[PDB]
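Read-outs throughout are calculated quantities, based only on the coordinates presented, and are distinct from any laboratory measurement. Cβ atoms come from the backbone with ideal geometry, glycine included; neighbour counts cover every protein chain shown.
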Amino acid sequence: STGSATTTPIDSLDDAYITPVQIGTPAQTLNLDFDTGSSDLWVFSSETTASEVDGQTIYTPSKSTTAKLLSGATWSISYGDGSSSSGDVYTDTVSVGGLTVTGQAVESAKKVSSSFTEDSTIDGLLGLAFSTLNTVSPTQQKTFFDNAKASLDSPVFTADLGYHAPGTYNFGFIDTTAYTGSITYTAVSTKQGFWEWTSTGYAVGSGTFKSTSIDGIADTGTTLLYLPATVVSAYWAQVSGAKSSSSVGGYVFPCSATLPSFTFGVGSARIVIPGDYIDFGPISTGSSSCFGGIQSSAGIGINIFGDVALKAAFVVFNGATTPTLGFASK
Ligand SMILES: NCc1ccc(C(F)(F)F)cc1
Ligand SMILES: NCc1ccc(C(F)(F)F)cc1
């Protein structure tokens with residue numbers, strides 16, 4: 001079987017992408033943030049503290065004839081940005097773009113951090129990292145992808161994120177009309193539970209490509225591109241007036257500047273991020289200082305190929321017994 005669903009940016013900056021997901025019987029449709037950096041499927045629900053819900057669509061397990069409470073199971077997650085949520089666990093039927101999994105663990109939020117409450121357009125997250133990171137206790141639960149794997153035509157999913165435009169998540173098949181040229185595959189390490197791989201280097205604008213190994217994770221759930229301080233300094237040095245701002249929390253640049261492109265290596269292939277993808281607009285309404293889309297990973301501890309990088313490519317998440325990542329231009 002296969003599944004295919006359109007994913008849509010939540011705002012004019014592509015801060016995140018939401019994809020409709022059908023949960024329960026009859027279907028309750030929620031718009032979830034597909035996150036290859038985490039492994040919990042959790043949703044705003046009728047159990048969420050009422051003051052912490054502000055416009056989100058909620059899952060109501062009592063209205064689903066297929067929902068079953070998972071006795072004694074709880075979950076609690078903390079994301080790298082400081083966000084968190086926690087609650088209890090149901091199993092229910094979950095469908096993505098025609099692809100149905102029965103008995104999927106659906107984690108019902110009882111408490112969420114302020115960043116989720118203020119994001120009225122995100123009804124929850126759908127984790128797509130490896131199931132070793134799932135936070136359900138005492139019995140760890142499997143991801144939607146892991147549950148669907150056996151029935152998929154091919155054990156893969158692909159991310160085709162749009163720049164200021166809709167895109168597509170496909171499960172079980174590779175759309176050969178969605179990319180140009182060839183797909184270049186690269187080795188994945190699962191030892192930390194992430195889609196972790198090694199980029200072969202980088203270039204800034206039309207500059208010389210620097211061959212250097214950059215270990216990082218492919219994370220649809222993170223907005224920006226987080227790279228080592230040396231790389232990020234070399235990029236912003238080509239932008240007149242750009243500087244690192246402690247008060248703002250990263251590199252900013254005069255909004256009137258034109259940004260250079262950024263190239264990253266995938267084996268012998270090259271993915272080019274257009275400079276416009278790196279502009280994240282004024283730091284505050286009316287400001288002439290703009291926030292950069294490439295930032296240092298030094299405080300994070302791991303490099304993150306987030307949406308800024310992934311939306312420049314067609315990305316194959318190959319969940320074969322030896323998993324690999326594929327990148328193609330588009
Ligand atoms: N998108 C989920 C996520 C959040 C944080 C991290 C970090 F920062 F710990 F690497 C990775 C993945
Ligand atoms: N990386 C996972 C993640 C995704 C979205 C959010 C936000 F923006 F909704 F708070 C936080 C963390």
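How would the range 1-131 be classified by its alpha-carbon gyration tensor: rounded, prolate or oblate, with rounded meaning a/c under 1.5 and the a/b versus b/c comparison settling the rest? Note, shape of the range 1-131 comes out rounded. Cα extents for the chain along the principal axes, largest to smallest and rounded to whole angstrom: 59, 43, 32.
Restricting to DSSP H runs of at least four residues, report the calculated mean residue ellipticity at 222 nm for the chain, -39500 (n - 2.57) per run over all residues, nearest 500 deg cm²/dmol. Intermediate results must be reported in sequence, preceding the final value.
Working: 4 runs with 21 residues, N = 330.
For the chain, the value works out to -1500 deg cm²/dmol.
Cβ-to-Cβ counts within 10 Å put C290, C255 in ascending order as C255, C290, the fewest first. The trypsin sites (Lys or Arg not before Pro) of the range 144-249 meeting both criteria, a DSSP state outside H, G, I, E and B (loop) and at most 13 other C-beta atoms within 10 angstrom of the site's C-beta, are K191.
Please label the shape of the range 175-330 as rounded, prolate or oblate, based on the square roots a ≥ b ≥ c of the eigenvalues of the alpha-carbon gyration tensor (a/c under 1.5 means rounded; beyond that, a/b larger than b/c means prolate, else oblate).
Since a/c reaches 1.5 and a/b is larger than b/c, the shape of the range 175-330 is classed as prolate.
By the beta-carbon count within 10 Å of each Cβ, the least crowded to most crowded order of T180, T190, fewest first, is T180, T190.
Could you check which residue among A105, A73, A312 shows the biggest mean-square fluctuation in a GNM of the chain with a 10 Å Cα cutoff? Highest fluctuation among the options: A73. Projecting the Cα positions of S268, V316, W197 onto the charge dipole of the range 175-330 (unit charges on Cβ atoms of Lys, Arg, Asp and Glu, taken about the Cα centre) puts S268 furthest along the positive direction. Rounded to the nearest 0.05, what FRET efficiency do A298 and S76 give with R0 = 25 Å and r taken as the Cβ-Cβ distance? Could you check? The calculated FRET efficiency here is 0.35. About its Cα centre, the dipole of the chain is roughly 640 debye, where the only charges are +1 on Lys and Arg Cβ and -1 on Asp and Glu Cβ.
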